[PDB]
Amino acid sequence: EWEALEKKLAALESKXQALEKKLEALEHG
Amino acid sequence: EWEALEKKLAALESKXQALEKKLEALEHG
Amino acid sequence: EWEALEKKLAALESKXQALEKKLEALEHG
Ligand SMILES: [Cl-]
Ligand SMILES: [Cl-]
Ligand code: NA
Ligand code: NA
Ligand SMILES: [Zn+2]
Ligand SMILES: [Zn+2]
Ligand SMILES: [Zn+2]
Ligand SMILES: [Zn+2]
Ligand SMILES: [Zn+2]
Ligand SMILES: [Zn+2]
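Protein chains in written order, with this note's numbering: chain A, 1 to 29; chain B, 30 to 58; chain C, 59 to 87.
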């Protein structure tokens with residue numbers, strides 16, 4: 001339970017960082 | 030409290046995928 | 059461990075809100 005929830009939070013954190021960088025790319029063209 | 034944390038993570042994973050797809054759309058016009 | 063999970067989720071929810079606001083500003087503004 002705990003370990004699966006921690007994995008899902010880490011995957012969201014990684015997606016979170018990738019979407020931030022992608023939104024920054026789109027702002028600059 | 031644990032169940033609520035999981036329902037909140039599930040809503041956030043759905044919002045995460047929604048933002049990812051909208052960013053993909055914006056990227057292409 | 060509990061506090062760290064709750065903190066990560068609040069930070070992700072907050073980042074989710076910041077990223078949606080930037081996306082709306084880029085798409086429409
Ligand atoms: Cl359920
Ligand atoms: Cl998120
Ligand atoms: Na509980
Ligand atoms: Na632990
Ligand atoms: Zn559970
Ligand atoms: Zn920016
Ligand atoms: Zn793509
Ligand atoms: Zn493409
Ligand atoms: Zn932990
Ligand atoms: Zn997010």
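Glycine included, every Cβ here is placed at the ideal spot set by N, Cα and C.
Check: residue i C-beta below 7 Å from any heavy atom of ligand 3
i	result
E64(C)	no
Residue i: CB within 7 Å of a non-hydrogen atom of ligand 6
i	result
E24(A)	yes
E85(C)	no
Near ligand 10: residue i beta-carbon under 7 Å from a heavy atom
i	result
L70(C)	yes
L67(C)	no
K73(C)	yes
Contact test: residue i Cβ vs ligand 5 heavy atom, cutoff 7 Å
i	result
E1(A)	yes
Near-chain B residues of the stretch 70 to 84 of chain C (beta-carbon distance less than 8 Å), N- to C-terminal order: Along the stretch 70 to 84 of chain C, the positions whose C-beta sits under 8 Å from a C-beta of chain B are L70, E71, 74, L77, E78, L81, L84, read in chain order.
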